[PDB]
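> Protein chains in written order, with the authors' numbering: chain CG, 1 to 272; chain CF, 363 to 476; chain CD, 129 to 479; chain CJ, 1 to 75; chain CC, 257 to 510; chain CA, 384 to 510.
Ideal Cβ placement from N, Cα and C applies to all residues, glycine included.
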Ligand SMILES: Nc1ncnc2c1ncn2[C@@H]1O[C@H](COP(=O)(O)OP(=O)(O)O)[C@@H](O)[C@H]1O
Ligand SMILES: [Mg+2]
């Protein structure tokens with residue numbers, strides 16, 4: 001209220017105005033590289049989708065076990081990226097666990113496991129860390145897919161959930177299915193398909209697991225950066241409106257203490 | 363002992379949820395709603411249903427806006443705030459708690475918009 | 129007299145960052161409740177018992193409770209002897225239950241006893257005054273009743289004239305010396321007030337206690353980036369003392385530019401070099417704290433008195449990196465750096 | 001009103017000078033980091049405090065080998 | 257009282273209304289105004305009052321005279337003219353706030369800022385044991401417990417300590433015109449710091465207190481009389497209390 | 384006038400990008416240049432107490448920084464290099480610190496001679 005308190009509050013938001021305007025210029029370059037890298041890996045996930053157009057495979061009736069995989073970063077200040085994935089995940093395990101199948105989730109990145117450790121603390125195979133601080137790569141998807149086999153859990157149906165980058169403002173959380181037992185992978189559309197054995201279909205589907213995690217390490221990293229730019233512009237616009245309303249309160253409070261101390265002197269002389 | 367021990371706990375318990383909405387206005391204005399926890403997106407959405415449920419149409423103000431002046435009794439306000447503190451109306455929007463009398467008009471205004 | 133010296137008191141913020149001088153003038157700033165009657169009664173223990181010359185304590189308007197401790201804190205400690213003639217202190221006490229014309233002239237009864245020991249006898253004296261803001265402030269209580277027009281914020285129009293009439297009689301001439309330590313109340317923590325800001329020129333050494341530091345438990349509260357001495361000079365204290373205390377102050381001003389980033393980015397977003405800065409700076413901040421001997425009734429710790437040669441060596445190593453492998457709770461409230469590794473072993477045994 | 005010496009400006013490290021709800025969002029964030037590094041380093045003080053005797057030990061063995069050489073020279 | 261042996265206590269409610277009765281009375285006597293039209297000696301007005309609150313030696317009678325001046329401030333600003341002139345006469349303060357009163361801490365005492373020159377630490381011997389550790393366990397709490405937005409999970413590391421504070425914060429709340437005793441205080445504070453409440457819920461500790469307190473005054477009257485008489489909580493007295501909290505916790509909620 | 388017209392401008396471009404320097408490595412190579420050149424010129428302007436300099440000696444030191452003969456060095460080695468560049472040019476080149484104190488203006492016959500001093504000292508320094 002007084003003149004000191006208005007100054008120290010106004011001095012604080014002048015700091016926060018600089019930091020968030022620098023932090024937008026940092027994350028404007030990270031998005032500008034992470035826009036470039038995705039279009040090479042756009043044609044990598046062209047191939048694995050093109051498998052399922054000519055051979056239309058579905059999850060037929062029921063499974064004994066299940067997986068749910070959800071990608072994110074470890075970093076905050078991105079708006080609605082992490083809660084657009086965790087709330088999608090709780091929208092399916094409620095939809096499941098009534099058809100009788102057992103579900104066990106794995107969350108790559110720290111921020112998924114932070115949300116889902118108070119209700120879903122029991123369906124965790126493994127957890128990862130240190131995602132997205134350095135740019136994600138393909139060798140990063142071969143550590144997720146290798147430790148997923150040193151686990152013992154036979155899984156016969158799963159899915160992965162990631163944010164499909166649309167534009168600078170807009171992202172869309174989507175899902176994609178995973179066929180992992182050889183039973184569902186060898187069905188009526190696979191009748192024409194030649195020399196691969198059951199032991200070769202053991203080999204081919206496993207490279208698709210390292211593949212389909214790599215397609216979702218290139219989508220959720222661009223959308224996590226371009227929402228770290230847009231949500232920092234709106235912390236910088238919302239700080240310009242708070243100091244211009246605090247300069248005016250400061251200006252009136254500055255003028256009203258010059259007048260206050262001066263009437264104390266004018267009345268101090270004339271009372272003699 | 364004077365206002366009755368049931369009323370006194372809806373009194374002090376609705377100031378507690380109102381203070382905690384004020385004590386985060388620094389962070390919501392700069393950063394955003396979306397960088398909060400899940401318990402403190404539930405003292406924000408419950409204390410915006412409580413602010414709106416303190417506005418009442420008066421009898422002398424019918425000539426201004428053309429809305430009927432409402433008088434509520436005492437026992438239908440204590441009963442009507444315990445059903446926002448316990449969390450029974452957490453699906454109704456906040457435009458339904460606004461400028462209504464007793465609490466049954468809030469679910470009726472929520473029934474209108476669909 | 130023109131010569132400068134050094135003076136070692138035993139404290140790792142005084143002796144490292146704002147060193148005293150034999151014959152200089154020393155002022156203790158800071159608000160209310162930050163540690164000025166403790167820091168001035170600890171220097172009475174440190175210096176004014178291991179001293180050959182005499183001392184005078186002039187109490188210019190303070191609590192009459194606190195004027196009963198120091199009369200009894202120094203009867204059991206040998207500085208006052210009630211039967212023989214070997215006492216080494218003199219007391220002048222006019223307190224804040226006194227009319228405001230008598231709280232303007234115990235500042236002058238002080239440095240009239242503390243001048244006969246310098247001029248007439250050729251001795252060396254120490255001057256302790258608490259508090260000297262009550263000399264100025266009790267001149268504003270009878271200004272308009274005398275018949276003057278009051279100046280700016282309410283003080284008398286003879287502020288810097290009645291003050292400088294007194295603060296020039298506290299000097300070291302060529303017949304003796306005076307080492308003066310004066311406590312200076314800053315009203316409402318406002319340093320730009322006209323009663324403290326006209327006292328920053330009558331002094332060689334300023335030790336400014338802050339309150340935002342003593343709220344973190346750090347004691348003595350002394351601000352590292354606001355204390356200042358004249359003899360911080362690469363030709364009096366040496367070019368090893370100087371390179372240390374200009375790297376302690378340079379890493380603490382590097383801290384504050386990171387604290388505005390932590391409030392938004394959080395701690396686990398920073399790079400690996402800037403994390404090394406915050407850890408050493410918090411190690412240095414905790415190492416500037418030291419348990420005084422007069423906090424043996426407040427905290428229950430035991431007191432230290434660090435020599436100067438160990439003070440320079442200890443801080444030289446935290447900046448180098450030779451204690452990067454310890455917890456911060458070792459460094460809180462120790463003396464020498466060899467006691468700050470004898471705590472990190474007891475914490476690991478009781479784990 | 002910042003492109004003028006007359007128009008007021010801010011200092012460095014003023015966010016924690018106010019005392020708001022960003023100065024306490026930062027004073028607590030630093031304790032939630034440097035309390036958990038304080039037991040990564042309190043646990044590894046069992047090993048390297050034995051290693052500094054092991055290095056000293058290493059030196060001792062080295063010096064005894066030199067002594068051995070001298071003893072054989074004398075012989 | 258004080259000049260004849262006994263012990264007195266005095267409350268000035270309040271001392272911001274003994275100042276505006278001096279500003280008016282001494283403006284109509286044509287005395288020139290100072291700051292905020294207060295006279296020159298408002299500091300001398302309060303100081304010649306608050307120094308009679310003595311503690312005499314034992315060769316005069318040994319009597320005491322405490323004083324508790326109340327001060328109302330505007331908008332919670334403590335840097336005003338009449339507040340700061342009376343902060344620096346008193347040994348310690350009790351800072352009452354508004355956001356403590358409304359969040360739920362009533363009596364709304366800022367225990368962080370309520371400093372006190374402890375008065376030669378005459379707390380008492382048994383309270384030194386349980387509130388010595390309480391003072392540090394609450395101070396450990398306040399450094400680390402101000403996020404309201406969580407992203408990471410460290411239940412072995414942080415969430416154990418902040419669970420000791422909310423059990424000791426909600427213990428500190430009180431009612432009105434029903435003040436406790438000191439050995440009824442040592443018992444209820446014993447059960448909070450010794451881990452005997454971390455398996456409750458914090459919305460039940462205010463209910464846990466009165467059921468506990470009625471059980472000890474009724475069934476354990478000779479227990480509390482050995483804390484008040486002997487001063488300290490002895491090691492065999494530490495033994496007897498170890499069952500009573502756990503026997504009651506075995507059958508509290510059923 | 385000749386050297387400070389390039390110096391006052393380039394220490395002014397550093398002030399606009401002075402926020403980026405705290406957490407920055409993912410920036411453009413031009414912005415990473417202004418963080419480089421602007422922190423060498425700041426290290427030149429440090430100066431110890433009670434040491435005034437002659438005018439044509441300051442035209443030697445400032446000629447080293449603003450022309451490009453300090454970018455390949457470490458910023459704690461700038462305040463050492465200046466002191467070692469001055470003591471070499473006072474003693475072994477005193478005839479050229481009186482050809483500026485008399486003529487006043489740096490001619491091209493001196494602008495080509497200081498190029499053969501700084502580069503022929505920047506080699507035999509880092510030891
Ligand atoms: N070693 C210490 N360092 C900092 N403060 C202390 C220490 N020991 C006690 N204190 C507390 O700090 C307060 C400082 O008040 P004090 O220095 O006596 O008066 P002033 O208001 O003149 O600073 C004391 O009330 C005391 O309770
Ligand atoms: Mg004092």
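1. Between the beta-carbon of residue 255 of chain CD and the beta-carbon of residue 298 of chain CD, is there less than 9 Å?
2. Does the pairing of the region 133 to 149 of chain CD with the region 344 to 364 of chain CD give three or more beta-carbon distances under 8 Å?
3. What are the uninterrupted segments assigned as alpha helix (DSSP H) that are 4 or more residues long and contained completely in the region 413 to 466 of chain CD, given in chain order?
4. Please name the residue in CD/438, CD/413, CD/421 whose C-alpha comes closest to that of residue 430 of chain CD.
5. Let me make sure I understand the geometry here. Which of CG/186, CG/1, CG/254 has the alpha-carbon closest to that of residue 336 of chain CC?
6. What residue range does the alpha helix (DSSP H) around residue 456 of chain CC cover?
7. According to DSSP, is residue 420 of chain CA part of a helix, a strand, or is it coil?
8. Using CA atoms only, rank isn't needed, just tell me which of CF/418, CF/469, CF/396 is closest to residue 445 of chain CF.
9. Flag this pair as yes or no: are the beta carbons of residue 11 of chain CG and residue 18 of chain CJ separated by less than 9 Å?
10. Using the beta-carbon of each residue, which ones in chain CF are nearer than 7 Å to residue 406 of chain CC?
11. Counting only Cβ-Cβ distances shorter than 9 Å, please list the residues of the region 446 to 474 of chain CC near chain CG, keeping chain order.
12. For the alpha helix (DSSP H) that contains residue 262 of chain CD, what are its first and last residues?
13. 9 Å is my cut-off, CB to CB: does residue 275 of chain CD come that close to chain CG?
14. CB residue 237 of chain CG to CB residue 41 of chain CG, shorter than 9 Å?
15. Below 8 Å, how does it come out for the region 359 to 369 of chain CD and the region 458 to 477 of chain CD: are there three or more Cβ pairs, yes or no?
16. How would you label residue 291 of chain CD, buried or exposed, when you count the other beta carbons within 10 angstroms and need 16 or more for buried?
17. Going by the CB atoms, is the gap between residue 380 of chain CF and residue 412 of chain CF shorter than 9 Å?
18. Which residues, in order along the region 105 to 123 of chain CG, keep a beta-carbon less than 8 Å from a beta-carbon of chain CC?
19. Would you call the region 394 to 412 of chain CD and the region 410 to 429 of chain CA in contact, with 3 or more CB pairs under 8 Å?
20. Distance, Cα to Cα, residue 203 of chain CG vs residue 182 of chain CG?
21. Let's test the definition: count the other Cβ atoms within 10 Å of the Cβ of residue 189 of chain CD and tell me whether it reaches 16, buried, or not, exposed.
22. Would you mind giving the Cβ-Cβ distance between residue 14 of chain CG and residue 233 of chain CG, rounded to the nearest angstrom? I have them listed as a contact below 8 Å.
23. Quick test of your reading: residue 323 of chain CC and residue 298 of chain CC, contact by CB under 8 Å. State the CB separation rounded to the nearest angstrom.
24. Quick one: which residues of the region 333 to 354 of chain CD get their C-beta closer than 9 Å to a C-beta of chain CG? List them in chain order.
25. Taking the alpha carbon of residue 220 of chain CD as the reference point, which residue from CD/258, CD/341, CD/479 has its own alpha carbon closest?
26. Looking only at C-alpha atoms, which of CD/393, CD/304, CD/269, CD/478 sits nearest to residue 285 of chain CD?
27. Is residue 385 of chain CD close to chain CJ, meaning its C-beta is less than 9 Å from at least one C-beta of that chain?
28. Report the residues of the region 56 to 81 of chain CG with a CB closer than 8 Å to any CB of chain CF, ordered along the chain.
29. Along the chain, where does the alpha helix (DSSP H) containing residue 494 of chain CD start, and where does it finish?
30. How many whole angstroms separate the CB atoms of residue 449 of chain CC and residue 468 of chain CC, which I take to be in contact at a CB cut-off of 8 Å?
31. For the beta strand (DSSP E) that contains residue 358 of chain CC, what are its first and last residues?
32. Excluding the five sequence neighbours on either side, which residues of its own chain have a C-beta within less than 6 Å of the C-beta of residue 454 of chain CD, listed in chain order?
33. Exposed or buried, residue 499 of chain CC, counting other C-beta atoms within 10 Å across all chains shown (16 or more means buried)?
34. Mind listing, in chain order, the continuous beta strand (DSSP E) runs of no fewer than 3 residues lying wholly within the region 119 to 206 of chain CG?
35. Any chance the CB of residue 311 of chain CD is under 8 Å from a heavy atom of ligand 2?
36. Would residue 452 of chain CF pass as an interface residue toward chain CG - the criterion being a Cβ-Cβ separation below 9 Å?
Taking the structure as given:
1. Here residue 255 of chain CD refers to the residue found at position 127 when the third chain is read from its first residue. Here residue 298 of chain CD refers to the residue found at position 170 when the third chain is read from its first residue. Taking 9 Å as the Cβ cut-off, residue 255 of chain CD and residue 298 of chain CD qualify as a contacting pair.
2. yes
3. 436 to 448
4. In the third chain, the residue the question calls residue 430 of chain CD occupies position 302. Among CD/438, CD/413, CD/421, the Cα nearest to that of residue 430 of chain CD is on CD/421.
5. Reading the fifth chain from its first residue, position 80 is the one you call residue 336 of chain CC. Out of CG/186, CG/1, CG/254, CG/1 has the C-alpha closest to the C-alpha of residue 336 of chain CC.
6. Counting from one through the fifth chain, the residue named residue 456 of chain CC turns up at place 200. That residue, residue 456 of chain CC, is in no alpha helix (DSSP H); it is neither H nor E in DSSP.
7. Residue mapping note: residue 420 of chain CA aligns to position 37 of the sixth chain, counting from 1. Reduced to three states, the DSSP call for residue 420 of chain CA is helix.
8. What you label residue 445 of chain CF is simply residue 83 of the second chain in a count that begins at 1. Checking every option, the nearest Cα to that of residue 445 of chain CF belongs to CF/469.
9. In the first chain, counting from the first residue as 1, residue 11 of chain CG sits at position 11. In the fourth chain, counting from the first residue as 1, residue 18 of chain CJ sits at position 18. Yes, they are a contact pair.
10. For the purposes of this step, residue 406 of chain CC is identified with residue 150 of the fifth chain, where counting begins at 1. Residues of chain CF passing the Cβ test: 399.
11. none
12. Working through the third chain from its first residue, we reach residue 262 of chain CD at position 134. Its alpha helix (DSSP H) spans residues 261 to 264.
13. Sequence index remark: in the third chain, residue 275 of chain CD carries index 147 (1-based). Residue 275 of chain CD counts as touching chain CG.
14. Position 237 of the first chain, counted from the first residue, corresponds to residue 237 of chain CG. Position 41 of the first chain, counted from the first residue, corresponds to residue 41 of chain CG. No, these two residues do not count as a Cβ contact at 9 Å.
15. no
16. Stepping through the third chain from its first residue, residue 291 of chain CD is reached at position 163. By the 10 Å Cβ count, residue 291 of chain CD comes out buried.
17. What you label residue 412 of chain CF is simply residue 50 of the second chain in a count that begins at 1. What you label residue 380 of chain CF is simply residue 18 of the second chain in a count that begins at 1. Going by C-beta atoms, residue 412 of chain CF is nearer than 9 Å to residue 380 of chain CF.
18. 110, 111, 113, 114, 117
19. no
20. Taking the first residue of the first chain as position 1, residue 203 of chain CG is located at position 203. Taking the first residue of the first chain as position 1, residue 182 of chain CG is located at position 182. If I take the Cα positions, the gap works out to 10 Å.
21. The count along the third chain starts at 1 and reaches residue 189 of chain CD at position 61. Counting Cβ neighbours within 10 Å, residue 189 of chain CD comes out buried, since at least 16 surround it.
22. Here the question's residue 14 of chain CG lines up with position 14 in the first chain. Here the question's residue 233 of chain CG lines up with position 233 in the first chain. About 18 Å separates the two Cβ atoms, so there is no contact after all.
23. Mapped onto the fifth chain, residue 323 of chain CC falls at position 67. Mapped onto the fifth chain, residue 298 of chain CC falls at position 42. About 18 Å; that fails the 8 Å criterion.
24. none
25. Taking the first residue of the third chain as 1, we reach residue 220 of chain CD at position 92. Nearest C-alpha to residue 220 of chain CD: CD/258.
26. As a position in the third chain, residue 285 of chain CD is number 157, starting the count at 1. That would be CD/269, whose Cα lies nearest to the Cα of residue 285 of chain CD.
27. In the third chain, counting from the first residue as 1, residue 385 of chain CD sits at position 257. At least one chain CJ Cβ lies under 9 Å of residue 385 of chain CD.
28. 76, 77, 79, 80
29. Because chain CD spans 129 through 479 in this model, residue 494 of chain CD falls outside it and cannot be assessed.
30. Here residue 449 of chain CC refers to the residue found at position 193 when the fifth chain is read from its first residue. Here residue 468 of chain CC refers to the residue found at position 212 when the fifth chain is read from its first residue. Their Cβ separation, rounded to whole angstroms, is 15 Å, which puts residue 449 of chain CC and residue 468 of chain CC out of contact at 8 Å.
31. Looking up residue 358 of chain CC in the fifth chain gives position 102. Not the beta strand (DSSP E): residue 358 of chain CC falls in the alpha helix (DSSP H), residues 355 to 359.
32. As a working note, residue 454 of chain CD is residue 326 in the third chain. These residues qualify, in order along the chain: 472.
33. For the purposes of this step, residue 499 of chain CC is taken as the residue at position 243 of the fifth chain. With fewer than 16 Cβ atoms within 10 Å of its Cβ, residue 499 of chain CC is classed as exposed.
34. 124 to 127, 157 to 165, 171 to 179
35. Counting from one through the third chain, the residue named residue 311 of chain CD turns up at place 183. Yes - ligand 2 has a heavy atom lying nearer than 8 Å to the Cβ of residue 311 of chain CD.
36. Residue mapping note: residue 452 of chain CF aligns to position 90 of the second chain, counting from 1. False, the Cβ-Cβ gap to chain CG never drops below 9 Å.
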